Structure formats: structure tokens, C-alpha cells
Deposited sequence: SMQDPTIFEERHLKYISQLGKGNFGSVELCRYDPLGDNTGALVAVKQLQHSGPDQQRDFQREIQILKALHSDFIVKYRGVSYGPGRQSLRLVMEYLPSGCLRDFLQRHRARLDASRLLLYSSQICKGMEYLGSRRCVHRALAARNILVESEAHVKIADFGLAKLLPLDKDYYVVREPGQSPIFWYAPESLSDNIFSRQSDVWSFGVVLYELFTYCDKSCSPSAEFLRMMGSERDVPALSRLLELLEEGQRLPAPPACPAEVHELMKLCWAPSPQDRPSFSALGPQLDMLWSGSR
């Protein structure tokens, strides 16, 4: 098995991020001990109950089974249990957009949109719901290439259903979630499409803090209140210089009824042809 990384050869470098039940660390897999080894990102749990340990075992199996240019690559595990992934050096898309705004044009955002869409299309085809999709957990491999990451809330669909219900949703951020998620804790590939709409909003505002989803809710008046806005048909406003056709795609992603939202398969070509027509 080349899929097993020895604890002793994973050299801690620094922390990339920390949740409440887990963290990701930049490490060097340095078996030769000369610091020529490759950088990897390593996820582990802290203060984890047995429930979280099982979830993490599933998460590892899910990520491992996904083979897409647009999904963060599984490399292996270390055995206590640690998930080893490729390191994507440019970090999360949210911060990247803020930092490099000036050198990213509409074309580039469409490229990212298209990559994320393909990624989500691929997920759907493995009957996986991501749920957490947002600019803060999409990663940047390069200026020309993003990938979906953070499968901490990802779940495979029941084999007899196209959605699932979660019993306790925790204290996750509400501004990316579809109404059926907010009202009944329902999640599906069609709720993912809603979330993708919010990601398009993020991309095309370059994740400016003053018009973030959370900022725009506060202006436009917690869980009960947002849900009421959405049922009334209120949506995030068109980003300042957003191409009309992108804004329209967002609004479709945010259809009240899950069955009226476009599929990722239908979004893909529409985004790709806006790219051709912009560049």
C-alpha cells in the first residue's frame, strides 16, 4: 500500500485551518529527512466523540473514491486517524479573490465557476451531496484552477431517495442554505445547486466583505427571518459589475422549488459559453 503515510515522516510545518472538531495542517512528507519531500495537507480530529470518528472514516472513503480534476485529491491516511491530501498552496478561494481582485477579470471568475460546476456535476454523479460549498472551502490550486474541498458535511444519498434529513444541524452558517434546508433540514443535489448560486454571488463580488451574504441579510432586515425573506422571493442583489446572464443563472439556482433549479449538467455549458463570449 502506497496509501499509508508513516506518522514519524509527516513533519509539522504550520496550521492551515481549525474547526471545532478538527483541523488541517501543512506538513512535509519527508521520509529521506532532507526536506526535499512533498508538501501535503493533513486533516485530523480533536475533542472528537465516536460519532465524529465514524463520520470522518466515511469522509475519508468518500474523498478517496472521487477522481476529478476539480476535487481536492486524496493521497492517503496515517494511523489517531489522519487524512493526507495534496497541498493546494494558494489557499481558500474567498481569501484569494480578496487578495488578487485586481488581476482577476470576469473571464477568470467564469473559469472558476465552470470548474466548480464540473466538480459538483461529478459529485452528483456519485450521489454525493457536499452541503458546505462556499468560497471559504473551495481551494485554489493555481490562478487558473480551483477545486472543491472540505467534505466534513458531505454525505452519500440514501440508495432509495434523492434527499436526506439531518437530525441536528449544529451552528453552521445559514446564508448558503436552500429554504428546504433551513425549514426542514433537507439536503440534496438540488440544495447544492442553491449553494452554488451563492458561490457565484461570492465569485462575482470577489467576496468583498461589505456585500457578503451575511452583510446583505443584516441590511435586508435569524433563521426564521431569512427563511421568510426567501419565501417572499427576496434574493441577494446583482453584484456591481456582474454580467446580466450570470445574475440570471444565480436567480435560477435560487428557485424556491428544488425541481425548478437547473442541474449542474445544464449549468456547465451555459457558464462555458458565457466564458467563450467574454474572452
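Residues 1 to 3, 83 to 87, 230 to 236 of the deposited sequence have no C-alpha coordinates in the structure.
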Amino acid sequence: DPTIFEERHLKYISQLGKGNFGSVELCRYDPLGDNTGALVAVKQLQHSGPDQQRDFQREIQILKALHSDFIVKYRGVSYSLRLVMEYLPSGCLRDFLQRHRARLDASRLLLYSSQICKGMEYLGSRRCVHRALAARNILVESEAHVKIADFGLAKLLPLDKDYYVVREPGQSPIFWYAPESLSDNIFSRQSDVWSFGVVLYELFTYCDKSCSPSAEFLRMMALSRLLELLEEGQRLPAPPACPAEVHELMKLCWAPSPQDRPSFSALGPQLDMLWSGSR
From here on, numbers count along this sequence of modelled residues.
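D105 is built in all of the other entries compared, counting only those with both neighbours built, so it is not a gap in a third.
Of the other compared PDB entries of this protein that include residues on both sides, all give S210 atoms, none of them, and so not a third, leaving it without.
Checked against the record, the higher mean CA B factor of 261 to 269 and 20 to 28 lies with 20 to 28.
For the pair 183 to 191 and 128 to 136, the mean Cα B-factor is higher in 183 to 191. Of all the options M250, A41, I62, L226, the entry's greatest CA B-factor is assigned to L226.
Ranked by C-alpha B-factor against the other modelled residues of its chain, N35 falls in the highest third. Among all modelled residues in its chain, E216 ranks in the highest third by Cα B-factor. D69 sits in the lowest third of its chain by CA B factor, as recorded in the PDB entry. In the PDB entry, a CA B factor belonging to the lowest third of its chain's modelled residues is recorded for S90. For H47, the recorded CA B-factor ranks within the highest third of the chain. Only modelled residues enter the ranking.
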